[PDB]
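So the sequences go chain by chain: o, b, K and i. For the first sequence, PDB author numbering begins at 16 and goes up steadily by one. For the second sequence, PDB author numbering begins at 2 and goes up steadily by one. For the third sequence, PDB author numbering begins at 2 and goes up steadily by one. For the fourth sequence, PDB author numbering begins at 2 and goes up steadily by one.
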Amino acid sequence: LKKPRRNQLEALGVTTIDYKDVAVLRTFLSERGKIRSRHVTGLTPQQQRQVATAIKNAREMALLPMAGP
Amino acid sequence: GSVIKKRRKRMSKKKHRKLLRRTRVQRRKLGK
Amino acid sequence: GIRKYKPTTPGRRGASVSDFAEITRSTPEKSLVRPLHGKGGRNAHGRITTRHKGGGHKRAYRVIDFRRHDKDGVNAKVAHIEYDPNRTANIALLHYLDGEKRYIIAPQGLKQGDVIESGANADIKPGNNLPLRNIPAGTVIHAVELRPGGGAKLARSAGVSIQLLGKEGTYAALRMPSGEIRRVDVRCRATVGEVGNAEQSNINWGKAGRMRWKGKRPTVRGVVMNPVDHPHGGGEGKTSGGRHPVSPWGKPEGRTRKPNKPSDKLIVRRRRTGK
Amino acid sequence: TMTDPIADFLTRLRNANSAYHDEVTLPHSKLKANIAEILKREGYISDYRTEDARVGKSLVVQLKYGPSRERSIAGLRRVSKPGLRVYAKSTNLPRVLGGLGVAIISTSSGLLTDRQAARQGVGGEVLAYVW
RNA sequence: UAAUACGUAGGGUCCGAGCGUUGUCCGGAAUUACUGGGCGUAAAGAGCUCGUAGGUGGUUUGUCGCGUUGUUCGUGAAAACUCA
RNA sequence: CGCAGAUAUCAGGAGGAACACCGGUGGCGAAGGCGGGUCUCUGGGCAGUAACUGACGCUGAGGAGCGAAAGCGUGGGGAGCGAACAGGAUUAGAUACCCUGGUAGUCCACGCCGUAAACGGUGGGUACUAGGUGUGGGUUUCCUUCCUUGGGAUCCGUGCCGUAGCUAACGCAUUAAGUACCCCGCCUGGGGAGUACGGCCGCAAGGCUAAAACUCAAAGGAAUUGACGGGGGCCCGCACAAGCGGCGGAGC
RNA sequence: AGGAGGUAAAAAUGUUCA
């Protein structure tokens, strides 16, 4: 389960992606508070899209920052 | 293909539309 | 909405009229109908003070409740929506559950059967009347009091509304239809929503007679008067006045608001022009 | 959609013969089977099987090539197409390739070449030229 | 200014009581392509769909015999064309 | 623009428009086109099952609808951008490029318009014809870690490469420009001209249909060789740069 | 090899057959 194949969210640690699980969404963020791409995460397009939507909802509810710095 | 074929039609159309803008009111007084 | 007449006559070519669609009753409530008589733009002296008035269709005054203070917690249902010639808006006949019948300004979105609430514990719905202390910011309101108990003065015409921007203390800031931002005591009451019959502005009255029915007498221009009558008067042939624009009493164009007024401190930003 | 399985059959044949395939499987029709029989008799193919598919029946044409992969067929050409049906009288039958070819003719004496049709004095619908 | 393209001479050639020109039609022209064309860039795919009329029609049994095909009769004037 | 306190910086407020990262040879859509989030309503597609009907299919003249952007109307809105416009600059001149501003417009609502390099410059449907390699969606299956975007088989897509074949060539090449069938649209030398006249549509702009006279003996497409480039790369030369000495000015 | 962006401002034209 390496970077080019790390879709843990499909293989193991298969967590229903939620806008509340900031402990999960922090790994799919940069220090600058930006979303990480598939090429770095390892996610399928479905899971990346769900993570992105999760992050945006979390940002709208202040569980994550827009422009962290 | 080449753009000369575009440019010929371009010039024809440009001159025609200039003529129309120039004769707009004459054409209206005549048609209408 | 609007019904555009067909051009069967030149007095009806581009004319339009309201499709009195949100109206439900042709007749008013007799108990709430006070009489009216025209004035002709004439005052106690019998002299024209406001020109361009008179003739006019006969009218009757529908007693509107601009002071909805005595029915707090006493709900009503909109029994009817009716035409009012005294105003551009339509008017909603409310039946209070205590048996009182009253008229209001007929906001947008309001229909028969809609339940109207009054007071601080009312829902923020069209037609509901509340204090601004209880209305939240960013809300669209109408029929606002300038003073507690003074009655609704602001945002009464058709299609118009006020935007409550904020409340800081005992003063609520209101963007008015003119764009003017001003402060008003939170104790002042406002009806939630925007006024109805917003289509009214888009009516083409088509012919002179129609405004003669509405009570607007003909407006004569000064440049065709004589100089004894108007500063712009005179001139062989047409003229643009022969001077800068003025009233018939020589007052020029410009701000006529009295300075040093009490309202100057409540007003935040006068309206804008040109932009 | 499909509009003439005869042309479909000729095209499967032509393309497989171009690609040097040895077999050609396709759907079955009695007419296509009779055509395949004519081609077998005139020596343009090796054999043809009629077998059962999942739903209906299939034709499996075992094509023919020489020792150096000489294509036993050099051409196929549908003639009586839908949209333009061509019919030949017994006199003005077509000579395919100056006679070295074979024109498939549908007649009430059955399916038979232009040679057989001129022999029997009949004509009909010209389905194909299969030189 | 050094013309086998003009004009003339010789000479040659094609025809021959004709020879040339003009006009008209067909051909060449597969250059409206049925036989017998094409459309990415040469002219040429409607901006895309829906859908009417129309055109077209998978496998199969039987029948009609309309198309189709065979044969025969009548007609298809004479002249023409063609063969003798 | 500021020095009347700008820029900058901090705080607060108003408002408009667009939605960074995710986000790409990626997905959806008939095309146009669609990117903040949520909710509501809604369309289409794909796979699998094979329960159903039983050729009901394909195309589609005309016709109808949809149809980027600009534009038009009415009514709102209008932060930024910005035709026009105005200055400034450059310039021989600059109705331009550049700068400073800035109106319509861009935005919303309802409607008109109905065009575009609306392009894959490639009509739709069907069947067949070597493979390889990516990637998207789904079904299954086999090593089995029985971890598992480990692989395979298959359906639908979307890309790159590459056969045969085709092509004037460029190139297309199972997403054909191949092999074939059905249907539609369109072409028939370049200009004139997609113009006029007429008609239709349209508020208008203009669009759609659509010629002729006259004129040329070409217009064109692809590719080759050169030349050229205020294209690129590499390298040279008193070519420049660094220096010395001159000419141009005097007389002869 | 692993990793921001850039600048050349403007500067026109070319009788003859060829």
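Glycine included, every Cβ here is placed at the ideal spot set by N, Cα and C.
Query, Result
"Reduced DSSP secondary structure (H/G/I, E/B, other) of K16 (chain b)", "helix"
"Sheet register partners of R63 (chain K) (DSSP bridge)", "K:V34"
"Reference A73 (chain o), options o:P84, o:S45 and o:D36, closest by Cα", "o:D36"
"Best match in i:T26, i:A129, i:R116 and i:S91 for proximity to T51 (chain i) [C-alpha to C-alpha]", "i:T26"
"For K78 (chain K): DSSP bridge partner residues", "K:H96 and K:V116"
"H81 (chain K), buried or exposed, once every other Cβ within 10 Å from all chains shown has been counted against 16", "buried"
"Inter-residue spacing [alpha-carbon to alpha-carbon] between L131 (chain K) and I142 (chain K)", "10 angstroms"
"Contact test: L16 (chain o) Cβ vs the ligand MG heavy atom, cutoff 8 angstroms", "Judged by which ligands are present, the structure shown has none, so any question about the ligand MG falls away."
"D115 (chain i) in three-state terms, based on DSSP", "helix"
"Residue burial classification, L133 (chain K) (beta-carbon count within 10 angstroms, cutoff 16)", "buried"
"Coarse secondary structure for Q121 (chain i), derived from DSSP in three states", "coil"
"Beta carbon of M226 (chain K) nearer than 9 angstroms to that of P246 (chain K)", "no"
"Beta-carbon spacing of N129 (chain K), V193 (chain K) below 9 angstroms", "yes"
"Supposed close pair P232 (chain K), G238 (chain K) - CB separation, criterion 8 angstroms", "That belief does not hold up - the Cβ atoms of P232 (chain K) and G238 (chain K) are roughly 18 angstroms apart, past 8 angstroms."
"Paired residues, beta bridge with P132 (chain K) - DSSP", "K:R190"
"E52 (chain i): first and last residue of the uninterrupted beta strand (DSSP E) it sits in", "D48 to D53"
"Proximity of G48 (chain o) and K18 (chain o) at Cβ, strictly below 9 angstroms", "no"
"Through-space distance from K71 (chain o) to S45 (chain o), alpha-carbon basis", "14 angstroms"
"Residue range of the alpha helix (DSSP H) that includes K18 (chain o)", "From DSSP, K18 (chain o) is part of no alpha helix (DSSP H); its letter is neither H nor E."
"C-alpha gap between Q65 (chain o) and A77 (chain o), whole angstroms", "18 angstroms"
"Cut-off 7 angstroms between Cβ atoms - residues of its own chain near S30 (chain i), not counting five sequence neighbours on either side", "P6"
"Residues near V116 (chain K) in its chain [Cβ-Cβ closer than 6 angstroms; skip 5 each side]", "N76 and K78"
"Where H53 (chain K) falls: helix, strand or coil (DSSP)", "coil"
"Reduced DSSP category for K208 (chain K) - H, G, I as helix; E, B as strand; rest coil", "coil"
"Backbone CA spacing between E23 (chain K) and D265 (chain K) [nearest angstrom]", "39 angstroms"
"Residue burial classification, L16 (chain o) (beta-carbon count within 10 angstroms, cutoff 16)", "exposed"
"Collapsed DSSP secondary structure at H54 (chain o) in the structure displayed", "helix"
"Status (buried if at least 16 other CB within 10 Å, exposed otherwise) for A45 (chain K)", "exposed"
"Inter-stretch contact at 8 angstroms, needing at least 3 Cβ pairs: the stretch 104 to 116 of chain K / the stretch 167 to 186 of chain K", "no"
"Inter-residue Cα distance where the pair is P127 (chain K) and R25 (chain b)", "52 angstroms"
"Start and end residues, beta strand (DSSP E) containing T26 (chain i)", "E24 to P28"
"Nearest candidate by alpha-carbon position, reference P253 (chain K), set K:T274, K:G242, K:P260 and K:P263", "K:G242"
"Rounded straight-line distance, which links the Cα of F21 (chain K) to that of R69 (chain K)", "26 angstroms"
"Three-state class that DSSP yields for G84 (chain i) in the structure shown", "coil"
"Cut-off 7 angstroms between Cβ atoms - residues of its own chain near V87 (chain i), not counting five sequence neighbours on either side", "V80, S81 and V127"
"Own chain, CB closer than 6 angstroms to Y6 (chain K), minus 5 neighbours either side, in chain order", "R13 and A16"
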